[PDB]
Amino acid sequence: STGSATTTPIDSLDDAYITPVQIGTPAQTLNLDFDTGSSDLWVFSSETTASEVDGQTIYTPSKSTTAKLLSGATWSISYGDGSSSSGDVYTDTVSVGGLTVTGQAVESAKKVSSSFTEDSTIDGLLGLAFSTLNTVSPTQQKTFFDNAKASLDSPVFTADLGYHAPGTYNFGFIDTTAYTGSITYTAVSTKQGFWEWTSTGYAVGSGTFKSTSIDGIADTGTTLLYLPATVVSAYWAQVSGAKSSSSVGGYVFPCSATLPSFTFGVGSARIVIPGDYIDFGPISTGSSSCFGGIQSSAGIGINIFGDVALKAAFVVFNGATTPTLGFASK
């Protein structure tokens, strides 16, 4: 089997991407944030505290003939931006882009933090990291990909995110029309439960490439590119007036600037992020200070190749027995 679904930015800045997902019988379609940095599929639901729902579409398990309470199971997750959610668990039929998993754990939120409530366009998350990070207790549950894998034509999924445009998540096949040149594959460590890999270096604009190992994760659920302070300083030093602002919470730059590109290495290959992808616009409405899309990872504890980086590539998440990651230009 295979599946193919379009993923769409939630706003004009590509702050996140939503992908339609069919849950239950008859289908209930919710727009989920596909997140290769976590491993819980959770949804706004009929059980979510009413005051914490503000425009989201909810999953109602009592209206699904295939829903079954997973008795005794609970979940609770805290993300790296400080957001969180928790609740109980059902199993139900879940389909993405034509690909169907029966008996998928669907984690029903009883509580969500304010950032989730305030984002009316995101109806929940679909985790695509390794199942060892799944938070369901006392019986840990598998991701949608892990459940689908044996049925897929090939044990892979791909992320093809757009810049200010829709893109695609494919399951079970590599669309050879969706990228240019060849795909370069690189080793993955699953020791921390992430799609963790080591970039071979970077360049700023038209500058010379610096060969240096940068360990980080491929995380479709993180908006920005978070890299070591040394790397980030070298980037922003090429933008007149750019500075790190503790009051704003990162690097800002004059909105009048033309940003340089940023290149990262994948083995001997190179992925170029155009300067425009690094512009996240005014810090507040009407400001002439703009927020940068490359930020320091210092204090996070890991480097994160988020959407800013990933949307510059066609990315293969290879879930073969020895997992790997592939990157191609597009």
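Our numbering is plain: 1 for the first residue shown, then up by one each step along the chain.
Even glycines carry a Cβ here, placed using N, Cα and C.
Residues or ranges marked as active site by Swiss-Prot: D35 (among others). In this view, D35 (active site) is surrounded by 21 other Cβ atoms within 10 Å of its Cβ, with every protein chain counted. In the three-state DSSP classification, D35 (active site) falls within a strand.
Taken from Swiss-Prot, the feature active site covers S199 (among others). Counting only residues at least six positions away in the same chain, the Cβ atoms of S213, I214, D215, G216, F264, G265, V266, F305 sit under 8 Å from the Cβ of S199 (active site).
The feature disulfide bond is assigned by Swiss-Prot to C255-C290. Just so you know, the Cβ of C290 (disulfide bond) picks up 22 other Cβ atoms within 10 Å once every protein chain is counted.
What Swiss-Prot records for 17-328 is domain 'Peptidase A1', and it gives sequence analysis as the kind of evidence.
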Inset, instruction - Taking the Cβ of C255 (disulfide bond) as the centre, count every other Cβ atom within 10 Å, in any protein chain shown. - result: 15
Inset, instruction - Round to the nearest Å and give the CA-to-CA distance linking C290 (disulfide bond) with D35 (active site). - result: 26
